[PDB]
Number of protein chains: 2
Amino acid sequence: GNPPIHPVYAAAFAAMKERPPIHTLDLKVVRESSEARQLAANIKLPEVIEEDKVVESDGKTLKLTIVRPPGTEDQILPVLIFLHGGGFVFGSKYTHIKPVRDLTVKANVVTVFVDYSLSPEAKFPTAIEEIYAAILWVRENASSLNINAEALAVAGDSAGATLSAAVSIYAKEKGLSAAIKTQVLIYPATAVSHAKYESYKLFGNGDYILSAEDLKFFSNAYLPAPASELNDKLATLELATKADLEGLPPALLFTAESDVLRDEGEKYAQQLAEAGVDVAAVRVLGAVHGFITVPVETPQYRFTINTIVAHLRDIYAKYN
Amino acid sequence: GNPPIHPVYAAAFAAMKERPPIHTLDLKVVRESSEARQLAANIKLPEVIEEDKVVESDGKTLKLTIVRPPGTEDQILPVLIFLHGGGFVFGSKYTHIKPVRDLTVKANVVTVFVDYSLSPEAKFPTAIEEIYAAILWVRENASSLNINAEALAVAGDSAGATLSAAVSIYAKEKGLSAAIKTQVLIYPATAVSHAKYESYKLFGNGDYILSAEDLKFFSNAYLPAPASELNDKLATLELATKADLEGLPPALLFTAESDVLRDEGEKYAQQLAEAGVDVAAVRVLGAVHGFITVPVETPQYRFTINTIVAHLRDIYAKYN
């Protein structure tokens with residue numbers, strides 16, 4: 001309830017302690033709401049070739065961003081489906097620009113960024129259905145995207161990690177069980193009830209970046225009913241049966257040491273292994289929730305990027 | 001005291017637990033202790049070029065094994081100093097043949113395996129002094145070994161991890177503080193008293209691979225006096241001051257979830273970060289003490305090898 005955190009994370013929270021709770025803000029705090037604050041960061045970014053597209057698939061209209069390294073336009077690449085965090089309420093290609101551009105050039109892939117519908121304007125399960133539809137589209141247009149559509153991965157942070165895990169189950173229930181070759185899950189949310197876990201108590205009182213109070217706001221925005229009445233594993237992953245999880249694609253899971261969602265994340269890792277799924281799971285020491293989008297580099301930001309890149313290249317090599 | 005472990009590790013424990021105990025064996029249990037029982041595993045290994053040498057350095061005589069990938073003999077490579085585990089009492093190039101050959105070929109390096117003096121025939125601090133002398137020898141003969149001696153790292157498991165960390169401090173106190181560019185530490189032992197940490201209680205009662213009874217055997221074998229009377233940081237890393245740890249090289253530390261040494265390993269990570277050292281540290285879920293030398297591959301063995309390879313190549317690149 002009290003180990004040390006890296007000074008960069010401590011400095012970032014202290015600046016945040018001044019602000020009002022979230023339910024008392026105009027949701028066009030999306031604009032400042034670090035599109036602006038992240039541009040002000042001034043951080044180093046690697047050169048990239050970026051392109052936006054608007055398409056139709058499986059009965060939906062989608063917006064996508066396609067990101068590729070320089071000098072690879074004529075080369076056929078593996079593909080990464082990236083799902084951003086933000087509590088289901090915020091986030092865009094501007095807020096997550098640093099980890100997306102880093103993964104793309106270091107792994108040497110084509111990244112498809114899915115700009116899914118945000119809550120509370122949309123609710124469960126619209127985004128899961130959009131992400132399934134985008135996956136179908138990428139398989140249909142591999143030749144025009146210059147990718148090997150069989151070498152495919154899904155990866156995301158926070159709420160994006162929750163979506164990566166659910167669309168892996170959804171795709172299987174639709175008869176598409178061989179499409180996704182790996183799932184990368186960076187501090188996901190999984191629980192019907194969070195107060196069951198010790199980390200909720202230790203880090204949820206408002207002195208760390210993601211509070212028990214913040215969590216209650218995001219759940220109400222995302223869910224169309226209370227989780228206990230909803231009783232749906234695609235909404236709350238913790239409910240998944242051994243049968244639900246059997247045959248899922250190999251997983252890589254990260255958890256943060258000082259994070260209310262820590263223990264429920266580690267419990268889902270255990271659930272996947274019981275069902276026979278290949279799982280590599282680690283707890284990262286000194287880190288807090290959301291650290292992959294923190295602009296000032298730390299030893300754990302660098303470790304996590306490099307470690308994901310090596311896992312992706314290990315998986316992709318089996319399909320070339 | 002009760003999370004799940006991988007089925008492979010449970011199987012390995014029952015096979016080891018059925019065998020006669022340690023303090024009731026002739027120390028020429030060395031021939032059978034996974035020189036034969038390893039060979040006998042007959043697992044696939046990758047091709048390598050191996051060479052043994054006997055040399056003089058800093059007033060000592062050393063035995064070394066030098067390992068390199070095929071087709072790189074004329075290319076100048078970075079170098080990895082490797083220190084095997086075994087409680088300070090067992091271990092050789094036959095017991096650790098699998099991770100040494102994997103690291104060598106995947107990272108594309110020259111591995112120098114240091115066959116240090118075993119306990120109880122030798123005691124603290126003889127082995128530490130031998131490893132410093134080998135580091136000096138590697139630096140003297142870089143042109144004859146075909147390596148860039150500046151791009152140098154030290155890595156080890158269990159007791160080999162304890163040795164990696166101590167020789168990083170020893171070398172610094174000798175005025176050789178720029179020689180080691182990174183330390184890789186796989187479940188090390190650090191404590192004066194182990195019973196201060198909760199993981200000693202949870203996993204030390206004889207139902208896991210490294211018991212409190214086993215630990216007591218190795219300490220009495222290695223130490224010339226009790227740790228509390230010795231009061232020496234190079235013997236028990238936990239005693240190290242902030243002043244001792246300043247200016248040390250960047251660390252990668254692995255800890256195992258079901259392992260008596262878990263909490264004291266995680267404490268040493270905190271100590272290094274407090275002193276300003278760059279540290280990436282993780283807890284590996286589902287794993288037990290000693291897992292890097294288990295022959296049957298697990299998702300955790302693969303993750304750990306690939307992740308070390310990605311860290312070594314990150315460090316080496318800034319020196320070429």
# chains A, B, ... in the order shown; residues from 1 in each chain; ligands from 1
$ interface_residues --of "chain A" --to "chain B" --cutoff "6 Å" --atoms "only C-alpha atoms" --output "PyMOL selection string"
chain A and resi 280-285+299-300+307
$ write_last_selection --atoms "N, CA and C atoms" --output "CSV table (one decimal), in the first residue's frame"
chain,number,residue,atom,x,y,z
A,280,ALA,N,2.3,-15.1,-20.7
A,280,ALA,CA,3.4,-14.4,-20.0
A,280,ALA,C,2.9,-13.2,-19.3
A,281,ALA,N,3.0,-13.1,-18.0
A,281,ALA,CA,2.5,-12.0,-17.2
A,281,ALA,C,3.5,-11.5,-16.2
A,282,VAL,N,3.6,-10.2,-16.1
A,282,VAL,CA,4.6,-9.6,-15.2
A,282,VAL,C,4.0,-8.4,-14.4
A,283,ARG,N,4.4,-8.2,-13.2
A,283,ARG,CA,4.1,-7.0,-12.4
A,283,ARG,C,5.3,-6.1,-12.5
A,284,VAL,N,5.0,-4.8,-12.9
A,284,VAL,CA,6.1,-3.8,-13.1
A,284,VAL,C,6.4,-3.0,-11.9
A,285,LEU,N,7.6,-3.1,-11.3
A,285,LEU,CA,7.9,-2.4,-10.0
A,285,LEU,C,8.1,-0.9,-10.2
A,299,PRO,N,12.8,4.3,-16.9
A,299,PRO,CA,13.3,3.0,-17.2
A,299,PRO,C,12.2,1.9,-17.5
A,300,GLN,N,11.0,2.1,-16.8
A,300,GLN,CA,9.9,1.2,-17.1
A,300,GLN,C,9.2,1.5,-18.4
A,307,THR,N,10.1,-4.8,-24.7
A,307,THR,CA,9.6,-6.1,-24.3
A,307,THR,C,8.4,-6.6,-25.2
$ residues_around --residues "residue 171 of chain B" --least-positions-apart "5" --cutoff "7 Å" --atoms "only C-alpha atoms" --output "VMD selection string"
chain B and resid 132 176 to 177
$ write_last_selection --atoms "N, CA, C and O atoms" --output "compact mmCIF listing (two decimals), in the first residue's frame"
# COMPACT_ATOMS: atom_id res chain seq x y z
N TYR B 132 36.28 -10.74 -10.75
CA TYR B 132 36.90 -9.46 -11.07
C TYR B 132 38.14 -9.65 -11.95
O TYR B 132 38.36 -8.92 -12.93
N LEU B 176 37.40 0.66 -11.04
CA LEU B 176 37.08 0.16 -12.38
C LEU B 176 35.58 0.35 -12.63
O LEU B 176 34.88 -0.59 -13.03
N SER B 177 35.09 1.57 -12.42
CA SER B 177 33.65 1.81 -12.35
C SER B 177 32.97 1.98 -13.72
O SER B 177 31.74 2.08 -13.80
$ select_by_dssp --residues "segment 140-207 of chain A" --states "strand (DSSP E)" --output "VMD selection string"
chain A and resid 147 to 157 182 to 186
$ residues_around --residues "segment 20-23 of chain A" --least-positions-apart "3" --cutoff "9 Å" --atoms "only C-alpha atoms" --output "list in words"
residues 17, 26, 213, 214 and 217 of chain A
$ write_last_selection --atoms "N, CA and C atoms" --output "short mmCIF file (atom, residue, chain, number, x, y, z; two decimals), in the first residue's frame"
data_model
loop_
_atom_site.label_atom_id
_atom_site.label_comp_id
_atom_site.auth_asym_id
_atom_site.auth_seq_id
_atom_site.Cartn_x
_atom_site.Cartn_y
_atom_site.Cartn_z
N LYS A 17 -3.39 16.82 -8.44
CA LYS A 17 -4.15 16.86 -7.19
C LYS A 17 -5.01 18.13 -7.06
N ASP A 26 -16.79 19.74 -18.62
CA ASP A 26 -17.39 19.63 -19.95
C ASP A 26 -16.53 18.66 -20.77
N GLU A 213 -12.93 6.81 -6.97
CA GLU A 213 -13.90 7.81 -7.43
C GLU A 213 -13.88 7.99 -8.95
N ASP A 214 -12.68 7.99 -9.54
CA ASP A 214 -12.54 8.07 -10.99
C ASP A 214 -13.20 6.85 -11.64
N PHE A 217 -17.00 6.86 -12.04
CA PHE A 217 -17.43 7.70 -13.16
C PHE A 217 -17.36 6.95 -14.50
#
$ residues_around --residues "residue 136 of chain A" --least-positions-apart "3" --cutoff "8 Å" --atoms "only C-alpha atoms" --output "PyMOL selection string"
chain A and resi 57-58+132-133+139-140
$ select_by_dssp --residues "segment 1-141 of chain A" --states "alpha helix (DSSP H)" --output "PyMOL selection string"
chain A and resi 7-16+37-39+97-107+126-140
$ write_last_selection --atoms "N, CA, C and O atoms" --output "compact mmCIF listing (two decimals), in the first residue's frame"
# COMPACT_ATOMS: atom_id res chain seq x y z
N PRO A 7 10.08 9.04 -9.42
CA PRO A 7 9.89 10.49 -9.26
C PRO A 7 9.06 11.15 -10.36
O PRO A 7 8.30 12.06 -10.06
N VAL A 8 9.20 10.69 -11.61
CA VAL A 8 8.40 11.24 -12.71
C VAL A 8 6.90 11.03 -12.47
O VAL A 8 6.10 11.91 -12.77
N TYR A 9 6.52 9.88 -11.91
CA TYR A 9 5.10 9.57 -11.65
C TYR A 9 4.62 10.37 -10.45
O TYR A 9 3.47 10.82 -10.40
N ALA A 10 5.51 10.53 -9.47
CA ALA A 10 5.16 11.33 -8.29
C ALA A 10 4.96 12.80 -8.66
O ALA A 10 4.03 13.45 -8.17
N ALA A 11 5.83 13.32 -9.53
CA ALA A 11 5.71 14.71 -9.97
C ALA A 11 4.43 14.94 -10.77
O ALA A 11 3.76 15.97 -10.61
N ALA A 12 4.07 13.97 -11.60
CA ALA A 12 2.87 14.10 -12.43
C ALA A 12 1.57 14.09 -11.62
O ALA A 12 0.64 14.83 -11.93
N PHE A 13 1.51 13.27 -10.57
CA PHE A 13 0.30 13.23 -9.74
C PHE A 13 0.09 14.51 -8.93
O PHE A 13 -1.04 14.95 -8.72
N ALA A 14 1.18 15.08 -8.43
CA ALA A 14 1.12 16.29 -7.59
C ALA A 14 0.50 17.47 -8.34
O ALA A 14 -0.25 18.27 -7.77
N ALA A 15 0.83 17.60 -9.62
CA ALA A 15 0.21 18.59 -10.48
C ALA A 15 -1.30 18.33 -10.64
O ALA A 15 -2.09 19.27 -10.77
N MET A 16 -1.69 17.06 -10.66
CA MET A 16 -3.08 16.65 -10.87
C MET A 16 -3.98 16.80 -9.63
O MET A 16 -5.21 16.88 -9.76
N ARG A 37 -2.23 19.35 -24.46
CA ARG A 37 -1.19 19.16 -23.46
C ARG A 37 -0.08 18.21 -23.93
O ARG A 37 1.07 18.34 -23.50
N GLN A 38 -0.43 17.27 -24.81
CA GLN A 38 0.54 16.30 -25.35
C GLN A 38 1.36 16.96 -26.48
O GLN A 38 2.52 16.61 -26.70
N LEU A 39 0.76 17.90 -27.22
CA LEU A 39 1.53 18.62 -28.23
C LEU A 39 2.55 19.52 -27.52
O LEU A 39 3.69 19.67 -27.98
N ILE A 97 0.18 9.32 -29.30
CA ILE A 97 1.07 9.40 -30.45
C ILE A 97 2.46 8.82 -30.18
O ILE A 97 3.12 8.31 -31.09
N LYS A 98 2.92 8.87 -28.93
CA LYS A 98 4.28 8.39 -28.63
C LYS A 98 4.39 6.84 -28.62
O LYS A 98 5.23 6.29 -29.34
N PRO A 99 3.54 6.12 -27.85
CA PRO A 99 3.67 4.65 -27.95
C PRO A 99 3.31 4.05 -29.32
O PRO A 99 3.92 3.04 -29.70
N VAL A 100 2.38 4.66 -30.06
CA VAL A 100 2.01 4.14 -31.38
C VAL A 100 3.16 4.27 -32.39
O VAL A 100 3.49 3.32 -33.12
N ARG A 101 3.77 5.44 -32.43
CA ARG A 101 4.87 5.66 -33.35
C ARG A 101 6.13 4.86 -32.98
O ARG A 101 6.81 4.35 -33.86
N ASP A 102 6.38 4.69 -31.67
CA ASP A 102 7.47 3.83 -31.18
C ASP A 102 7.31 2.33 -31.57
O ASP A 102 8.24 1.71 -32.08
N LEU A 103 6.16 1.75 -31.28
CA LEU A 103 5.89 0.36 -31.64
C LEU A 103 5.99 0.12 -33.16
O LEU A 103 6.53 -0.90 -33.60
N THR A 104 5.48 1.07 -33.94
CA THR A 104 5.44 0.93 -35.39
C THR A 104 6.84 0.82 -36.01
O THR A 104 7.12 -0.13 -36.74
N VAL A 105 7.74 1.77 -35.72
CA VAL A 105 9.06 1.71 -36.34
C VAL A 105 10.01 0.66 -35.70
O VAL A 105 10.83 0.08 -36.41
N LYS A 106 9.89 0.40 -34.38
CA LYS A 106 10.77 -0.59 -33.71
C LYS A 106 10.39 -2.03 -34.06
O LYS A 106 11.26 -2.89 -34.16
N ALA A 107 9.10 -2.32 -34.21
CA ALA A 107 8.68 -3.67 -34.59
C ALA A 107 8.68 -3.85 -36.12
O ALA A 107 8.72 -4.99 -36.61
N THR A 126 -20.92 -1.35 -28.29
CA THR A 126 -20.72 -0.79 -29.62
C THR A 126 -19.26 -0.88 -30.10
O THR A 126 -19.00 -1.36 -31.21
N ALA A 127 -18.32 -0.45 -29.26
CA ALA A 127 -16.90 -0.44 -29.65
C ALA A 127 -16.36 -1.83 -29.95
O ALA A 127 -15.59 -1.99 -30.91
N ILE A 128 -16.74 -2.84 -29.17
CA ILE A 128 -16.30 -4.21 -29.44
C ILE A 128 -16.72 -4.63 -30.84
O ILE A 128 -15.95 -5.25 -31.59
N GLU A 129 -17.95 -4.25 -31.21
CA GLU A 129 -18.50 -4.58 -32.52
C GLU A 129 -17.81 -3.80 -33.64
O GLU A 129 -17.65 -4.32 -34.75
N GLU A 130 -17.40 -2.56 -33.36
CA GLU A 130 -16.64 -1.80 -34.34
C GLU A 130 -15.27 -2.43 -34.57
O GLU A 130 -14.78 -2.51 -35.70
N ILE A 131 -14.66 -2.90 -33.49
CA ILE A 131 -13.29 -3.37 -33.61
C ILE A 131 -13.29 -4.72 -34.34
O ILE A 131 -12.39 -5.01 -35.16
N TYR A 132 -14.34 -5.51 -34.12
CA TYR A 132 -14.50 -6.75 -34.87
C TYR A 132 -14.68 -6.43 -36.37
O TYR A 132 -14.06 -7.08 -37.23
N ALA A 133 -15.47 -5.41 -36.67
CA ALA A 133 -15.71 -5.02 -38.05
C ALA A 133 -14.46 -4.46 -38.72
O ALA A 133 -14.24 -4.68 -39.92
N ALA A 134 -13.60 -3.78 -37.96
CA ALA A 134 -12.37 -3.27 -38.55
C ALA A 134 -11.41 -4.41 -38.87
O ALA A 134 -10.74 -4.40 -39.91
N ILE A 135 -11.37 -5.41 -38.00
CA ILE A 135 -10.53 -6.59 -38.26
C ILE A 135 -10.95 -7.28 -39.56
O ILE A 135 -10.10 -7.70 -40.35
N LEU A 136 -12.26 -7.38 -39.79
CA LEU A 136 -12.78 -7.98 -41.02
C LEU A 136 -12.36 -7.19 -42.24
O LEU A 136 -12.08 -7.76 -43.29
N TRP A 137 -12.31 -5.87 -42.10
CA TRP A 137 -11.95 -5.01 -43.21
C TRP A 137 -10.48 -5.15 -43.61
O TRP A 137 -10.14 -5.20 -44.80
N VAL A 138 -9.62 -5.22 -42.60
CA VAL A 138 -8.19 -5.39 -42.82
C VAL A 138 -7.87 -6.69 -43.55
O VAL A 138 -7.00 -6.72 -44.41
N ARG A 139 -8.60 -7.75 -43.22
CA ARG A 139 -8.44 -9.03 -43.92
C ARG A 139 -8.90 -8.96 -45.38
O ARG A 139 -8.34 -9.64 -46.24
N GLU A 140 -9.89 -8.12 -45.65
CA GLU A 140 -10.43 -7.96 -47.00
C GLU A 140 -9.56 -7.11 -47.92
O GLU A 140 -9.63 -7.23 -49.14
$ residues_around --residues "residue 197 of chain A" --least-positions-apart "6" --cutoff "10 Å" --atoms "only C-alpha atoms" --output "list in words"
residues 191, 260, 261, 262, 263, 264 and 267 of chain A
$ write_last_selection --atoms "N, CA and C atoms" --output "CSV table (one decimal), in the first residue's frame"
chain,number,residue,atom,x,y,z
A,191,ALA,N,-13.0,-6.4,-13.4
A,191,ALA,CA,-13.9,-6.9,-12.2
A,191,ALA,C,-15.3,-6.4,-12.3
A,260,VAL,N,-4.9,0.4,-8.6
A,260,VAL,CA,-6.1,-0.3,-8.0
A,260,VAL,C,-6.5,-1.5,-8.8
A,261,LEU,N,-6.2,-1.5,-10.2
A,261,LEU,CA,-6.6,-2.6,-11.1
A,261,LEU,C,-5.6,-3.7,-11.1
A,262,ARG,N,-4.5,-3.6,-10.2
A,262,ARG,CA,-3.4,-4.6,-10.3
A,262,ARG,C,-3.8,-6.0,-10.1
A,263,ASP,N,-4.5,-6.3,-9.0
A,263,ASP,CA,-4.7,-7.7,-8.6
A,263,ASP,C,-5.8,-8.4,-9.5
A,264,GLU,N,-6.7,-7.6,-10.0
A,264,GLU,CA,-7.7,-8.2,-10.9
A,264,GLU,C,-7.1,-8.5,-12.3
A,267,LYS,N,-5.3,-11.7,-11.7
A,267,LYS,CA,-6.3,-12.8,-11.6
A,267,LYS,C,-6.7,-13.3,-13.0
$ residues_around --residues "residue 228 of chain A" --least-positions-apart "6" --cutoff "10 Å" --atoms "only C-alpha atoms" --output "list in words"
residues 192, 193 and 236 of chain A
$ write_last_selection --atoms "N, CA, C and O atoms" --output "PDB file, in the first residue's frame"
ATOM      1  N   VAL A 192     -16.255  -7.240 -11.833  1.00  0.00           N
ATOM      2  CA  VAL A 192     -17.626  -6.817 -11.525  1.00  0.00           C
ATOM      3  C   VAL A 192     -17.599  -5.883 -10.329  1.00  0.00           C
ATOM      4  O   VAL A 192     -18.189  -4.811 -10.349  1.00  0.00           O
ATOM      5  N   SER A 193     -16.883  -6.298  -9.289  1.00  0.00           N
ATOM      6  CA  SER A 193     -16.709  -5.498  -8.086  1.00  0.00           C
ATOM      7  C   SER A 193     -15.224  -5.362  -7.730  1.00  0.00           C
ATOM      8  O   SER A 193     -14.546  -6.357  -7.492  1.00  0.00           O
ATOM      9  N   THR A 236     -17.498  -7.418 -18.290  1.00  0.00           N
ATOM     10  CA  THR A 236     -16.622  -7.598 -17.145  1.00  0.00           C
ATOM     11  C   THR A 236     -15.951  -8.971 -17.241  1.00  0.00           C
ATOM     12  O   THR A 236     -16.503  -9.989 -16.798  1.00  0.00           O
TER      13      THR A 236
END
$ atom_distance --atom1 "atom CA of residue 157 of chain A" --atom2 "atom CA of residue 188 of chain A"
6.9 Å
$ atom_distance --atom1 "atom CA of residue 249 of chain B" --atom2 "atom CA of residue 172 of chain B"
9.9 Å
$ residues_around --residues "residue 122 of chain A" --least-positions-apart "4" --cutoff "10 Å" --atoms "only C-alpha atoms" --output "NGL selection string"
:A and (88-89 or 116-118 or 126-127 or 221-224)
$ atom_distance --atom1 "atom CA of residue 183 of chain B" --atom2 "atom CA of residue 168 of chain B"
7.6 Å
$ closest_residue --among "B:294, B:212, B:56, B:111" --to "residue 34 of chain B" --atoms "only C-alpha atoms"
B:294
$ closest_residue --among "B:95, B:244, B:199, B:113" --to "residue 165 of chain B" --atoms "only C-alpha atoms"
B:244
